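The structure tokens that follow cover one protein chain in two forms, given apart as structure 1 and structure 2.
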Structure 1
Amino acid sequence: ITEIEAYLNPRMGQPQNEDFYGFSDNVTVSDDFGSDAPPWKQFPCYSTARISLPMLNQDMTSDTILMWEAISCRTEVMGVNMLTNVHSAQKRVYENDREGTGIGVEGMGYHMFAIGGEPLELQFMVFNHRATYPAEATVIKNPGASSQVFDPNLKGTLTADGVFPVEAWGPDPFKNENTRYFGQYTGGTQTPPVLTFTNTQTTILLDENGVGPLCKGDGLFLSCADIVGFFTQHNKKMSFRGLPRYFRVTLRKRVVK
């Protein structure tokens, strides 16, 4: 067996290597579905990376080939510790009284990861089809009313980091034969975040037939989104806060027909 370890940093909207890395810009809200254009930096996008596995040289001297098979993984949200910070420029519990701790991060949690032998296959689906996404984002333009629910025509693949809006794409259950994905959403803008972390939990990646994801072209595809909640400033402006995710994937060389 071979083990790989990798991380994905969150893509909440603000640029890397600058003071708000890990956050979105402050969120603005439209008055109407017909005048809805979320500016670049104000919404989270999916993280993804392709890991290069050791090259498996193919002979074609036999009727079978070798592929790396992902048999199990561990994954952890990292930096959960930082959410014990209730002093950094936060709206206070008694804000009208300039007293108490910061309220910290609260609101919606969206945590999903995927491990596969090819890019994650996506279904386009949006809350408001008339939202105009910015040029920086990868979306289906003029998607139509059908995109507010399931439309079999509206497909994509997660081929780039930090550009596919979380609010416009999710895993396609009609595909992803060669990917395992897991997700949880808890909504509501005052909801406390609930996160666990341990190095003792393994997730088996074998399907009903005892086969894990098979890494096409010796590539292992990792994808995630880890929205922890909102940061609220003293002036009540709110931004997404994300955390990075750790992956440990155990692979074996498998003979494939």
Structure 2
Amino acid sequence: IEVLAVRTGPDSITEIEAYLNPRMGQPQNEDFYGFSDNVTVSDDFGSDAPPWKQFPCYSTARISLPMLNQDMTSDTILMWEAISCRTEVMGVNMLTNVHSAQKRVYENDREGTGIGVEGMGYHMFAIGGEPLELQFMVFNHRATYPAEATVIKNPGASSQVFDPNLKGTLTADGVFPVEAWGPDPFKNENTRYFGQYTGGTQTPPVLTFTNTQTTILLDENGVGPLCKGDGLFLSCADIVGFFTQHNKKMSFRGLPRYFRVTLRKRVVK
């Protein structure tokens, strides 16, 4: 793509808003939607087979954009260029719930609040003009992922660190495990991604929300993601931490993510 002039004026700019619900593992429209199933742990890397529902996967959607009024006789085409976004983790308010079926602070005394959601936070989003380009990488290569998940089967010892053969693209919602795929910094020339990990099992979650924050999506040449086939590609994972039951069974809890994206008309060859 040879990139040419920005279009300005009051037809040249549009705004889309979208949500991505989390895919922590439990099925939609059922009582544990937003949670994983209770996590089971292997005894050894050789006998490691995490059941479907017990691990989070990436959220993704393609957003169909408004009609561009293309010039019928020009040797150029217009594309939508994503220039800025707002993104917010929604439902942070729910984490003030320390009554719902939670292990108590003073369990020996059957007293105190629930311990609430605690432990690892993994928060990442991507805005691009094509699917997010992935690097496959796993803690344990010998892990057997379920039929329901999309992974590289028998990926070999090299998949525990960087191996340039082990590539993917985030093409489906809810089936790419977070623990087996990450953004590929050798690609994503037409996507912006942002991620933060805070680990632990008892770490306090820290989340902010405001409707006053905007992130510019322009690269060093002042070019934003260019939406190929007039699609905008949104991706995220938002693990807030763990929910712990009275019997000490632990599940992942996720929150949905809001996106507002401003796009403008860019001429290309």
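Residues that one form lacks are left out of the comparison. Rigid core: the largest C-alpha set superposing within 1.5 Å between the two forms. Numbering for residues begins at 1 and runs along the sequence of structure 1.
Only one candidate in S52, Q58, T189, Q201 has its Cα displaced by 2 Å or more between structure 1 and structure 2 after core superposition: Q58. The Cα position of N96 changes by 1.3 Å between structure 1 and structure 2 once both are aligned on the rigid core. For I115, the CA shift between structure 1 and structure 2 after superposing the rigid core equals 0.2 Å.
Listed alone, 55-63 marks the only place where three or more consecutive residues have CA shifts of 2 Å or more between structure 1 and structure 2 on superposition of the core.
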